[PDB]
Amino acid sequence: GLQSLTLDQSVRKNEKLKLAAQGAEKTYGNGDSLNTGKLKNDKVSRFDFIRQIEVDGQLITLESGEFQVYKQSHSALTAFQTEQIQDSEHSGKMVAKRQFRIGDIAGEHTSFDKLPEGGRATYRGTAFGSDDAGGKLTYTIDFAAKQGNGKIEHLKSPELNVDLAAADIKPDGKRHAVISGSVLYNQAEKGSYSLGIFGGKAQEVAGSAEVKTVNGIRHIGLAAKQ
């Protein structure tokens, strides 16, 4: 599938990201490439992570937990399940604290100017959030109307099974085809979503959603293919 992924959002300028799985560990820096080629397509791969920096000669761990990678053929995305984090803010201790957030959404972006000029495409894939990679994403794009819409199903948390309301395809800053819209729960707005189109023939979609729940804003990683 996608053979490499450049880590950008996932590891900032003066950080090192230590990934470990099945006894092996490798360290990455910003701009470094992740060998997604070795990973299974259409599944979440999990690694132990430690995000680190160096302060006046000593190595400091900022956060640790589980690093997740979802691989498709022309797109892939990463996410972080924090388990422990530095509370540099108040009690300067490493505190047990769980948060889930998307890292990088990468791949071969489809140009807005090189999209199919017509026809209707259906994408099927995964929606994954905190402790739950079992969600199903269904998304439809009408290339004549240049509009897309979809839905998220099969997530354990009921408020995360939402509609991805109809939205226009637009060019982003790099003229990549992107769809940014509203998230609905039982037909009422409860958040926002964004999906990029990937592959030379718009084979795939990948992106994320942010849903407001009674427990706060929750992030959902999204990836589907024709």
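Sequential numbering from 1, following the sequence displayed.
Could you find out if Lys114 - modelled in this structure - is missing from at least a third of the other PDB entries compared that contain residues on either side? Other entries vs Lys114: none skip it.
Is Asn149 one of the residues left unmodelled in a third or more of the other entries compared? No, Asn149 is modelled in every other compared entry.
Take the C-alpha B-factors listed in the entry for 142 to 150 and for 80 to 88, compute each mean, and give the stretch with the larger one. Here the higher of the two C-alpha B-factor means belongs to 142 to 150.
Looking only at CA atoms, which has the higher mean B factor in the entry: 164 to 172 or 52 to 60? Taking the mean B-factor of the alpha carbons in each, 164 to 172 is higher.
Which listed residue, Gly129, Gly103, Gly107, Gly119, has the largest C-alpha temperature factor in the record? That would be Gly119, according to the entry.
Mind checking which third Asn30 falls in for C-alpha B-factor across the chain? Lowest third - that is where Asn30 ends up once the chain's C-alpha B-factors are sorted.
Could you place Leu17 in the lowest, middle or highest third of its chain by Cα temperature factor, using the values in the record? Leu17: CA B-factor falls in the lowest third of its chain.
Check where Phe67 lands among this chain's C-alpha B-factors and tell me if it's the lowest, middle or highest third. For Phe67, the deposited C-alpha B-factor lands in the lowest third.
What third of its chain, lowest, middle or highest, does the C-alpha temperature factor of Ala209 fall into? Its C-alpha B-factor belongs to the middle third of this chain's values.
Using the B-factors in the PDB entry, rank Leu137's C-alpha atom against the chain and give the third, lowest, middle or highest. Middle third.
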